[PDB]
Amino acid sequence: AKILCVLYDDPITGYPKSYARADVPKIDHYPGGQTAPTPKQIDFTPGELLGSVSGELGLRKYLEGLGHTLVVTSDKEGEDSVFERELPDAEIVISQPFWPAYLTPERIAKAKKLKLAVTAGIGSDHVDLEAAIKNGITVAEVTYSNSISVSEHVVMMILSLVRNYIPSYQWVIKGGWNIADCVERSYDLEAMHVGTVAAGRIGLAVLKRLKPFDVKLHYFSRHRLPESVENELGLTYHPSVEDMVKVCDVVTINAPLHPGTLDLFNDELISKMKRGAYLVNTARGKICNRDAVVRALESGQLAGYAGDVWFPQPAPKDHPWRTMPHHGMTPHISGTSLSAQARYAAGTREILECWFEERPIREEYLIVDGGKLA
Ligand SMILES: NC(=O)c1ccc[n+]([C@@H]2O[C@H](COP(=O)([O-])OP(=O)(O)OC[C@H]3O[C@@H](n4cnc5c(N)ncnc54)[C@H](OP(=O)(O)O)[C@@H]3O)[C@@H](O)[C@H]2O)c1
Ligand SMILES: [Co+2]
Ligand SMILES: [Co+2]
């Protein structure tokens with residue numbers, strides 16, 4: 001069978017010949033007890049670059065040893081792309097959210113042999129689930145594999161926005177000291193009100209990391225956390241997002257992209273935030289209306305915005321989030337740290353072994369299975 005695997009390009013300086021450190025820590029399990037991926041073998045050393053074209057997610061020796069073929073490409077856009085030309089023959093398609101091969105209804109129709117679509121990462125909004133359901137395609141993602149990685153990125157970005165890190169760094173490089181210039185927009189985070197949209201694997205990890213900063217914590221969720229958790233973390237529950245954002249100095253978005261969160265932070269909702277609020281979004285770019293965020297930063301309604309997720313991906317050269325004032329953006333990188341790559345690459349192989357050995361894929365990895373939502 002044919003496996004079609006879309007990855008981002010190598011660094012412009014070539015695939016790395018060395019790394020800054022000798023190894024990465026061993027992660028055995030996630031908070032709550034889900035075990036780390038359990039592939040039978042791996043053909044990489046954790047810490048290597050796996051999600052670029054030369055990395056191949058460590059999959060070629062395994063797949064070709066079984067007689068299957070593996071096509072790796074970064075060329076994913078349009079009908080003339082390698083991805084779309086190779087799609088009609090593929091039993092399995094793999095891509096990462098960071099450089100996503102969108103499986104639209106049209107492409108799924110053309111993918112006559114497609115039976116398994118794997119998200120190397122978390123969040124399968126690039127896959128049209130209705131068409132996958134219609135066509136009996138299994139959709140899997142590597143649940144929890146980089147949730148902690150994102151929670152780290154969130155707190156990092158919150159601190160940098162509030163404490164005005166990046167403009168202060170720039171004064172060093174420019175040859176200046178300029179203390180007053182740095183701190184005329186520098187605050188402590190301590191005792192601010194911080195709220196999260198969703199308290200899932202990322203959102204809860206964010207709340208736990210924020211707690212010892214002595215912030216006043218808020219959250220909005222469809223379902224409440226156990227009261228024992230709310231008490232230990234000092235959480236205030238809000239039954240609507242509007243209610244929460246009214247009182248928050250900082251808001252972090254940690255919910256998946258779906259109809260209920262598409263365009264949720266539009267002009268109206270952002271106008272309900274505190275003036276000078278900070279907004280962080282490492283969830284899915286489209287949960288925030290692109291031009292509304294730009295306008296709120298230009299007016300001062302938002303004091304700062306940061307995240308790693310954009311619409312579309314890759315972001316075009318003229319994307320307005322590149323140049324809006326007071327931002328601390330990165331490209332979509334938090335979920336593909338070298339540490340996270342090791343976990344989602346192991347998980348991708350685990351899923352593939354289960355697929356080819358006719359053993360069940362972990363229930364926690366499954367998004368649709370056997371023609372229905374999991
Ligand atoms: N590199 C990155 O930046 C990166 C990496 C990984 C993931 N992500 C994004 O982050 C999402 C969350 O990741 P995760 O590991 O935390 O998944 P998760 O464990 O499934 O948590 C998602 C939580 O969002 C809740 N929620 C859903 N809709 C909501 C809404 N309209 N308002 C408030 N809360 C809502 C869900 O609760 P219910 O059970 O009630 O629906 C769930 O608890 C992913 O879907 C993905 O898009 C980004
Ligand atoms: Co529910
Ligand atoms: Co959901």
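Along the sequence shown, the residues carry numbers beginning at 1. Atoms within each ligand, like the ligands themselves, are counted from 1 in listed order. The figures that follow rest on heavy atoms only: side chains count, while hydrogens, waters and symmetry mates do not.
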Check your understanding: So which heavy atom in the protein is nearest atom 44 (C) of ligand 1, and how far is it from that ligand atom?
Key -> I122 CG2, 4.0 Å
Practice item. Name the closest protein heavy atom to atom 27 (C) of ligand 1, giving the residue it belongs to and the distance to 0.1 Å. Key: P256 CD, 3.7 Å
Exercise for review: Could you name the option among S147, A255, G121 that has the heavy atom nearest to atom 29 (C) of ligand 1?
Suggested key: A255
Do ligand 1 and [X] have nitrogen or oxygen atoms that lie under 3.5 Å from each other?
X    : answer
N146 : no
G335 : yes
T282 : yes
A283 : yes
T261 : no
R284 : yes
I202 : yes

Check your understanding: Should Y144 be listed as contacting ligand 1, given a heavy-atom distance under 4.0 Å as the test?
Key -> no
Practice item. Answer with yes or no whether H153 contacts ligand 1, where contact means a heavy atom under 4.0 Å from a ligand atom. Key: no
Review point. In terms of the angle between their ring planes, are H319 and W310 parallel, tilted or perpendicular, with boundaries placed at 30° and 60°?
Key: perpendicular
Check your understanding: Is the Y30 ring parallel, tilted or perpendicular to the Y144 ring (thresholds 30°, 60°)?
Key -> parallel
**Study point:** Within the 6.0 Å centroid threshold, strictly below: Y305 and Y278
**Key:** no
**Study point:** Aromatic ring proximity, centroids under 6.0 angstrom, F98 and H332
**Key:** yes
Point to revise | Full working for salt bridge (charged side-chain N to carboxylate O under 4.0 Å, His left out) between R163 and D188 | key: CA-CA 6 Å; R163 300 201 60 88; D188 298 350; 2.9 Å; yes
